[PDB]
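Peer 1: Got a sequence here, can you build the structure:
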Amino acid sequence: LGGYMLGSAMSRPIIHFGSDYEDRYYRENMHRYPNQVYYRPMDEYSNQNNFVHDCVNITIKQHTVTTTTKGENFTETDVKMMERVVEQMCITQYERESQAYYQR
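Peer 2: Numbers count the residues shown, from 1 in each chain. Provided below are the atomic coordinates:
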């Protein structure tokens, strides 16, 4: 952190994974997960999934770095599980500004 911003929260997207235990894994903790996503307003670019990729990267990172500082090392799968959920949430947050773009 050093010049990053955060907007509104949302409900969880509920994305399937292919194991009821893998699914349950995040669901158990899904309220302490990054239910808010760090982004920057639209100006520089858009794309379909790439702004998400970027928003997701930082959101996941700042959670996981801080959570590693709080003694709680997440696996690659855990980061992959956030990377699904934070995508849907970064779609929602990306869009929550894309509406106002046309609203102008």
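Peer 1: show me where this protein has strands.
Peer 2: 5-6, 38-39 (DSSP state E).
Peer 1: could I get those strands as a markdown table with distance to residue 75 and mean neighbour count?
Peer 2: The C-beta positions use only the backbone N, C-alpha and C, and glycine is treated the same way. Putting the strands of the chain into a markdown table (distance: least, CB to CB, whole Å; neighbours: other CB atoms under 10 Å) gives the following:
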| stretch | distance to residue 75 | mean neighbour count |
| --- | --- | --- |
| strand 5-6 | 25 | 10 |
| strand 38-39 | 22 | 22 |
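Peer 1: For residue 93, which of these is the nearest?
Peer 2: Comparison of the strands of the chain against residue 93 by CB to CB identifies strand 38-39 as nearest, at 5.5 Å.
Peer 1: what packs against that closest one?
Peer 2: Strand 38-39 sits against strand 5-6, helix 50-69, helix 76-103, with contacts defined as 3 or more CB pairs under 8 Å, 6 or more residues apart in numbering; DSSP states H and E.
Peer 1: would TSV of these with distance to residue 27 be doable?
Peer 2: Formatted as TSV, the helices and strands packed on strand 38-39 follow (distance: least, CB to CB, whole Å):
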stretch	distance to residue 27
strand 5-6	23
helix 50-69	17
helix 76-103	10
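Peer 1: Out of the ones you listed, which is closest to residue 17?
Peer 2: Of all those, helix 76-103 comes closest under CB to CB, at 7.1 Å.
Peer 1: Pull out the buried residues from the closest one.
Peer 2: 78, 81-82, 85-91, 93-94 (16 or more other CB atoms under 10 Å).
Peer 1: circling back: could you export the strands of the chain as JSON lines, including distance to residue 74?
Peer 2: Shown next, in JSON lines, are the strands of the chain (distance: least, CB to CB, whole Å):
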{"stretch": "strand 5-6", "distance to residue 74": "20"}
{"stretch": "strand 38-39", "distance to residue 74": "17"}
